[PDB]
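Colleague: Take this structure first; my questions come after.
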Amino acid sequence: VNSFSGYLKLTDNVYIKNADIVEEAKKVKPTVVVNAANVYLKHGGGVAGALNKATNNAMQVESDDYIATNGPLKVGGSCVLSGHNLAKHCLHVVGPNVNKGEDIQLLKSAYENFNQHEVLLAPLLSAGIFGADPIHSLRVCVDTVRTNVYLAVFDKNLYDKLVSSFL
Ligand SMILES: N#Cc1ccc(OCCn2cnc(N)c3ncnc2-3)cc1
């Protein structure tokens, strides 16, 4: 039993809710919140900008030190950093950005990072400003992630489209 509330069960291990990931995190304080990161951990907009703003820029400060030490992530890769006031840990995962021409096949590699964590609160990778089709992202999630994932979708219209088209 866990404290995630109000989710639709899609499969044995994937759940989805019409919800704000920052509010979910503030409420649940999950062990892991996933960020929709880029390779430079520059949290300017989208989910990343929202998560970072909610940490009062502490996520960005920590991320800048990470990059200065380690260099950029790979597309499809991840790193574990602090979750600050939102979660124990933040798993920064880089999905391909279609607006940068990146290969959508890398979306599966991106979701594989979730399997290193037993339970996660997450957005749909490569959705929104990353340019991919969120219906496709949800399908790859369900077909790749085997651990327990709680997906938070910002927009009622999108949430209803995802549910009503889910096979
Ligand atoms: N009109 C409209 C509209 C406004 C924001 C919006 O956010 C999508 C990405 N996103 C950003 N910030 C958050 N805290 C999120 N939680 C889940 N997804 C999140 C989508 C549609």
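Residue numbering restarts at 1 for every chain of the structure tokens, chains are lettered A, B, ... in their displayed order, and ligands are numbered from 1 as they appear.
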Per residue of chain A within 6 Å of ligand 1, record the nearest atom pair and its distance in Å to one decimal, counting only C-alpha atoms and all ligand atoms, with rows in chain order and ascending residue number, as CSV.
Modeller:
```
residue,atom,partner,partner_atom_place_in_ligand_line,distance
A:20,CA,ligand 1,16 (N),3.9
A:21,CA,ligand 1,16 (N),3.9
A:22,CA,ligand 1,14 (N),5.0
A:46,CA,ligand 1,11 (C),5.0
A:47,CA,ligand 1,11 (C),4.2
A:50,CA,ligand 1,12 (N),5.0
A:123,CA,ligand 1,17 (C),5.9
A:152,CA,ligand 1,17 (C),5.2
A:153,CA,ligand 1,17 (C),4.7
A:154,CA,ligand 1,18 (N),3.8
A:155,CA,ligand 1,21 (C),4.7
```
Colleague: Got time to write the residues from that selection, C-alpha atoms, as a compact mmCIF listing (two decimals), in the first residue's frame?
Modeller:
```txt
# COMPACT_ATOMS: atom_id res chain seq x y z
CA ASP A 20 0.06 18.56 -11.22
CA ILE A 21 3.33 16.65 -10.63
CA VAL A 22 4.58 19.35 -8.22
CA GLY A 46 8.13 22.46 -19.26
CA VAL A 47 8.15 19.97 -16.41
CA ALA A 50 8.22 23.82 -13.05
CA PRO A 123 5.63 12.78 -16.36
CA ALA A 152 0.91 12.86 -13.65
CA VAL A 153 -0.76 14.61 -16.62
CA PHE A 154 -0.94 18.32 -16.69
CA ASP A 155 -3.93 19.01 -18.83
```
Colleague: Need to verify the contact set: residue A:63, 9 Å, only C-alpha atoms, exclusion of same-chain residues closer than 2 positions in sequence. Can you return it as a PyMOL selection string?
Modeller: chain A and resi 40-43+58-61+65-68+81
Colleague: Against stretch 156-167 of chain A, which residues of stretch 53-142 of chain A fall within 9 Å? For each one I want the closest pair of atoms and the distance in Å (one decimal), counting only C-alpha atoms, rows by chain and increasing residue number, as a tab-separated table.
Modeller:
```
residue	atom	partner	partner_atom	distance
A:134	CA	A:162	CA	7.6
A:135	CA	A:162	CA	5.9
A:138	CA	A:162	CA	7.8
A:139	CA	A:166	CA	8.1
```
Colleague: Report the distance between atom CA of residue A:29 and atom CA of residue A:75 in Å, rounded to one decimal place.
Modeller: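 It comes out at 27.2 Å.
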Colleague: Give me the residues near stretch 5-7 of chain A as number ranges by chain, where near means some atom within 9 Å (using only C-alpha atoms) and where sequence neighbours in that chain fewer than 5 positions away do not count.
Modeller: A: 15-18, 150-152
Colleague: Deliver the residues from the most recent selection as a file, using C-alpha atoms, as a PDB file, in the first residue's frame.
Modeller:
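Produced file part20.pdb, reproduced below:
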```pdb
ATOM      1  CA  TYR A  15      -1.122   4.286 -13.087  1.00  0.00           C
ATOM      2  CA  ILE A  16      -2.195   7.690 -14.450  1.00  0.00           C
ATOM      3  CA  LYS A  17      -3.831  10.740 -12.903  1.00  0.00           C
ATOM      4  CA  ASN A  18      -5.063  14.128 -14.068  1.00  0.00           C
ATOM      5  CA  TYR A 150       2.482   6.914 -11.247  1.00  0.00           C
ATOM      6  CA  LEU A 151       2.102   9.282 -14.219  1.00  0.00           C
ATOM      7  CA  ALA A 152       0.909  12.864 -13.646  1.00  0.00           C
TER       8      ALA A 152
END
```
Colleague: Please determine, counting only C-alpha atoms, which residue among A:8, A:125, A:28, A:48 has the shortest atom-to-atom distance to residue A:76.
Modeller: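 The shortest atom-to-atom distance to residue A:76 comes from A:125.
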Colleague: Compare A:91, A:145, A:33, A:51 by their minimum atom-to-atom distance to residue A:14, counting only C-alpha atoms, and give me the closest one.
Modeller: A:145
Colleague: Please indicate the distance in Å from atom CA of residue A:130 to atom CA of residue A:37, rounded to one decimal place.
Modeller: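 These two atoms are separated by 9.9 Å.
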Colleague: In terms of the shortest atom-to-atom distance over only C-alpha atoms, which of A:56, A:104, A:45, A:3 is closest to residue A:129?
Modeller: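 Looking only at the distances to residue A:129, the closest residue turns out to be A:45.
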Colleague: To one decimal place, how far is atom CA of residue A:95 from atom CA of residue A:127 in Å?
Modeller: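 Result for atom CA of residue A:95 versus atom CA of residue A:127: 8.8 Å, one decimal.
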Colleague: Identify, on the basis of only C-alpha atoms, every residue whose closest approach to stretch 86-88 of chain A does not exceed 7 Å; exclude the query and any residue fewer than 6 positions from it along the same chain; express the result as a PyMOL selection string.
Modeller: chain A and resi 25-26+29-33
Colleague: What's the 8 Å shell around residue A:126, counting only C-alpha atoms, without same-chain residues fewer than 6 positions away, as a list in words?
Modeller: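 Returned residues: residues 36, 95, 96, 97, 98, 107, 132, 133, 134 and 137 of chain A.
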Colleague: Which residues come within 10 Å of residue A:146, counting only C-alpha atoms, excluding same-chain residues fewer than 6 positions away, as number ranges by chain?
Modeller: A: 12-14, 111-112, 114-119
Colleague: May I have the residues from that selection written out with N, CA and C atoms, as a CSV table (one decimal), in the first residue's frame?
Modeller:
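And here is the file that came out, selection_1.csv:
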```csv
chain,number,residue,atom,x,y,z
A,12,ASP,N,-0.9,-3.7,-14.6
A,12,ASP,CA,-0.5,-4.2,-13.3
A,12,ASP,C,0.4,-3.2,-12.6
A,13,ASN,N,1.2,-2.4,-13.4
A,13,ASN,CA,2.2,-1.5,-12.8
A,13,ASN,C,2.2,-0.1,-13.2
A,14,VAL,N,1.3,0.3,-14.1
A,14,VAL,CA,1.3,1.7,-14.6
A,14,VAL,C,-0.1,2.3,-14.2
A,111,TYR,N,12.9,5.4,-20.9
A,111,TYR,CA,12.1,4.7,-19.9
A,111,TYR,C,12.7,3.6,-19.2
A,112,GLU,N,13.7,2.9,-19.8
A,112,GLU,CA,14.4,1.8,-19.1
A,112,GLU,C,15.0,2.3,-17.8
A,114,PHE,N,13.7,4.0,-15.6
A,114,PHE,CA,12.7,3.9,-14.5
A,114,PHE,C,12.8,2.5,-13.8
A,115,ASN,N,13.3,1.5,-14.5
A,115,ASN,CA,13.3,0.1,-13.9
A,115,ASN,C,14.3,0.0,-12.8
A,116,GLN,N,15.2,1.0,-12.6
A,116,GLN,CA,16.1,1.0,-11.5
A,116,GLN,C,15.5,1.4,-10.2
A,117,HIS,N,14.2,1.8,-10.2
A,117,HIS,CA,13.5,2.3,-9.0
A,117,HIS,C,12.2,1.6,-8.8
A,118,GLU,N,11.9,1.1,-7.6
A,118,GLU,CA,10.7,0.3,-7.4
A,118,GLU,C,9.4,1.1,-7.6
A,119,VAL,N,9.4,2.4,-7.3
A,119,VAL,CA,8.2,3.2,-7.4
A,119,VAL,C,8.6,4.6,-7.8
```
Colleague: DSSP on the backbone: which residues in stretch 57-160 of chain A end up as strand (DSSP E or B)? Give the answer as a PyMOL selection string.
Modeller: chain A and resi 78-82+89-93+119-122+148-153
Colleague: Would you list, as a PyMOL selection string, the residues of chain A that end up in alpha helix (DSSP H) under DSSP run on this structure's backbone?
Modeller: chain A and resi 21-28+46-54+58-70+106-112+134-144+156-164
